[PDB]
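A.B. asks: my complex, first installment, coordinates as in the assembly:
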Amino acid sequence: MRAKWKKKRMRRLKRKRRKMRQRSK
Amino acid sequence: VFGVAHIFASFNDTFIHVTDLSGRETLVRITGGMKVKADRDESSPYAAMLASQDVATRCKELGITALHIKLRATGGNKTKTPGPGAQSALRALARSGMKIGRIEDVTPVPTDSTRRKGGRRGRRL
């Protein structure tokens, strides 16, 4: 379900980016 | 003289189990897997008929002439239909020389069951 799995990939990457930004706090 | 023959003919095996009129004494219990060597063919009608002839011999030496038959599939939250050996067991206990008193089905059928193995998408092969 490549659209569903692409959505999961974007979800994962967005979580990672958020973690970098909150660590920068 | 009467004993009751519980034939549990599932897939993968068939049991011929003859017991008294209360189910409380085992006269002779022979299953399909006793008459073969390979696991694939325990359920085969051939094993069912060999087990049937053997229980026939063990029974006519015990004074019982006529058998009451209680057929069964696996039941529960699974298949309701008897396996490949159910028919052969009756055919051979009848042609071997014994009388059949009464036939009926005891497959456990839930009025509703617990969840069944496999998952939502089922066994997919």
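C.D. replies: Nice, I can see it. Residues are numbered from 1 along each chain as shown, chains lettered A, B, ... in the order given.
A.B. asks: CA only for contacts and neighbour counts going forward, please
C.D. replies: OK.
A.B. asks: so when I look at residue B:71, I'm seeing a helix, right?
C.D. replies: No: counting by DSSP: H, G, I helix; E, B strand; the rest coil, residue B:71 is not found in a helix; it is strand.
A.B. asks: which residues touch it?
C.D. replies: By Cα atoms under 8 Å, 6 or more residues apart in numbering or on different chains, residue B:71 lies in contact with B:6, B:7, B:8, B:9, B:82, B:86, B:103, B:104, B:105, B:106, B:107.
A.B. asks: Generate a ChimeraX selection restricted to the buried subset of those.
C.D. replies: Only the buried members of those enter the following ChimeraX selection, criterion being 16 or more other Cα atoms under 10 Å in any protein chain shown:
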select /B:6,7,8,9,82,86,107
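A.B. asks: which of the residues in stretch B:88-105 are buried?
C.D. replies: Neighbour counts over stretch B:88-105 (16+ other Cα under 10 Å) mark B:88, B:89, B:90, B:92, B:93, B:94, B:98, B:99, B:100 as buried.
A.B. asks: from what I can see the fifth one touches residue B:58, true?
C.D. replies: I take that to be residue B:93. No: look at residue B:93 against residue B:58 with Cα atoms under 8 Å: they stay out of range, at 11.9 Å.
A.B. asks: rewinding a little: now tabulate the buried residues of stretch B:88-105 in a markdown table and tack on distance to residue B:49.
C.D. replies: Formatted as a markdown table, these follow (distance: Cα to Cα, whole Å):
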| residue | distance to residue B:49 |
| --- | --- |
| B:88 | 6 |
| B:89 | 5 |
| B:90 | 9 |
| B:92 | 6 |
| B:93 | 8 |
| B:94 | 11 |
| B:98 | 14 |
| B:99 | 16 |
| B:100 | 16 |
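A.B. asks: Drop chain C onto that structure:
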Amino acid sequence: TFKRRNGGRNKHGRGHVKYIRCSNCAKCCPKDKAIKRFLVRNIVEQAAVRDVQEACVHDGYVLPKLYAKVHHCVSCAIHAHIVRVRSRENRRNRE
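C.D. replies: Now chain C, sitting on the chains shown earlier:
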């Protein structure tokens, strides 16, 4: 493209129909969509009826029938030849 007008199932005026488990693979399939057959079959087939009819103690003994209501998912019913792919025109025939 839309294959069928009923969407492949019999549901009008409802929102939700409870599912059932396929008799072959246990797949969850809603009740109105599954292929449902009621089988009334004999205890033994006619090649082996008489060598039990002669072994009945009682006169007039009638051998029972097994009754079972069997559900199949679309995949298992198609693969087991219970239902077949039909042509565009004969798909509409409900008889």
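A.B. asks: mind redoing the contacts of residue B:71 now chain C's in there?
C.D. replies: By Cα under 8 Å, 6+ apart, residue B:71 lies in contact with B:6, B:7, B:8, B:9, B:82, B:86, B:103, B:104, B:105, B:106, B:107.
A.B. asks: In contact with the fifth one, which residues?
C.D. replies: So the one you mean is residue B:82. With contact set as Cα under 8 Å, 6+ apart, residue B:82 has these partners: B:8, B:9, B:10, B:11, B:71, B:72, B:73, B:74.
A.B. asks: beta partners of the fifth one?
C.D. replies: In this entry, residue B:71 is beta-bridged to residue B:7, residue B:105, by DSSP bridges.
A.B. asks: thinking again about what came up before, of the contacts of residue B:82, just say which sits nearest to residue C:39.
C.D. replies: residue B:73 (15.5 Å; Cα to Cα).
A.B. asks: Can you give me the distance of that closest one to residue B:83?
C.D. replies: Residue B:73 sits 7 Å away from residue B:83, going by Cα to Cα, to the nearest Å.
A.B. asks: ok so, going back, closest one of the contacts of residue B:82 to chain C?
C.D. replies: The nearest member of the contacts of residue B:82 to chain C, counting by Cα to the nearest Cα, is residue B:71 at 9.4 Å.
A.B. asks: Which residues does the longest helix seen in chain B contact?
C.D. replies: The longest helix of chain B (DSSP state H) is helix B:45-60. Applying Cα under 8 Å, 6+ apart, the contact partners of helix B:45-60 are B:14, B:16, B:18, B:27-36, B:41, B:65, B:84-93, B:96-98.
A.B. asks: Name the residues contacting each of residue B:73 and residue B:83.
C.D. replies: Joint contacts of residue B:73 and residue B:83 (Cα under 8 Å, 6+ apart) are B:9, B:10.
A.B. asks: By proximity to chain C, which residue of chain A wins?
C.D. replies: Closest contact between chain A and chain C, by Cα to the nearest Cα, is at residue A:1 (19.6 Å).
A.B. asks: throw chain D on there as well:
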Amino acid sequence: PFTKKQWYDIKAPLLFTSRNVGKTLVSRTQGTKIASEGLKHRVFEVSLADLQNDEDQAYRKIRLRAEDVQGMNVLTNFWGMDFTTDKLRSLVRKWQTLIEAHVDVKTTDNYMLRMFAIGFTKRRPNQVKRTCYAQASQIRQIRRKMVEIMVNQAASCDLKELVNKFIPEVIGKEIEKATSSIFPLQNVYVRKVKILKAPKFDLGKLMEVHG
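C.D. replies: Let me add chain D to what's already shown:
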């Protein structure tokens, strides 16, 4: 291993025309596992066509419990009443309505028992309609009457004549005739009787019913 077991003859009570249901076997009396009162509670499954020698009732499986053993003669009283599977699954059919009722009831001797009754609506002649359904309110009216009758007809002196109402289907056809200004209801039966609780032994009653 079978040179250590004696047979016993099982006898049903006199409300059943034909008697002497069959033969059981127990293992020879050894102290501590003496057979006589060691077992004393076997349950047996016998059709009603073997107990009344009419084949129009080969359904209606009778379940008989052993209450006493008299020297190679196992005395037996009535324990339960059921259908056979083929009978029940012949009765339920699409395009018709099934009505179910049940009730807990006492007889004059302290026997608690549960009755389950089943019925199905009857299509008439000249009916052109393709189904025969009641309206879940007629369903309720029938089920109310069904329990009413089932409790008024029971709670009579003893299981003796209660089973004498079960044998000729007094309950069933009384229920049919009672609910005909509600809905016709073919094939009305008492599908099951499970006795909920058996009070005590009462040895004299057992020979009052036996023979």
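A.B. asks: can you check the buried residues of stretch B:88-105 again with chain D included?
C.D. replies: Using 16+ other Cα under 10 Å as the test for burial, stretch B:88-105 gives B:88-96, B:98-105.
A.B. asks: How about stretch C:37-53?
C.D. replies: Within stretch C:37-53, the residues that qualify as buried are C:43, C:44, C:48, C:51, C:52, C:53, counting by 16+ other Cα under 10 Å.
A.B. asks: so who does residue D:77 touch?
C.D. replies: Contact analysis of residue D:77 by Cα under 8 Å, 6+ apart lists D:12, D:13, D:64, D:65, D:66, D:67, D:206, D:210.
A.B. asks: ok, 10 Å please
C.D. replies: D:11-14, D:43, D:63-68, D:159-160, D:206-207, D:209-210 (Cα atoms under 10 Å, 6 or more residues apart in numbering or on different chains).
A.B. asks: swap in residue C:58?
C.D. replies: Counting by Cα under 10 Å, 6+ apart, residue C:58 touches B:99, B:100, B:101, B:102, D:49, D:50, D:55.
A.B. asks: I'd say residue D:91 and residue D:120 touch.
C.D. replies: Yes: using Cα atoms under 10 Å, residue D:91 makes contact with residue D:120 at a distance of 8.1 Å.
A.B. asks: which of those two has more neighbours?
C.D. replies: Taking other Cα atoms under 10 Å in any protein chain shown, residue D:91 and residue D:120 do not tie; residue D:120 has more neighbours (23 against 15).
A.B. asks: in the host helix or strand of residue D:172, what counts as buried?
C.D. replies: Per DSSP states H and E, residue D:172 falls inside helix D:170-178. Buried residues in helix D:170-178, counted by 16+ other Cα under 10 Å: D:170, D:171, D:172, D:173, D:175, D:176, D:178.
A.B. asks: Just want the residue of chain D that's nearest chain B.
C.D. replies: Nearest to chain B in chain D, going by Cα to the nearest Cα, is residue D:44, at a distance of 4.8 Å.
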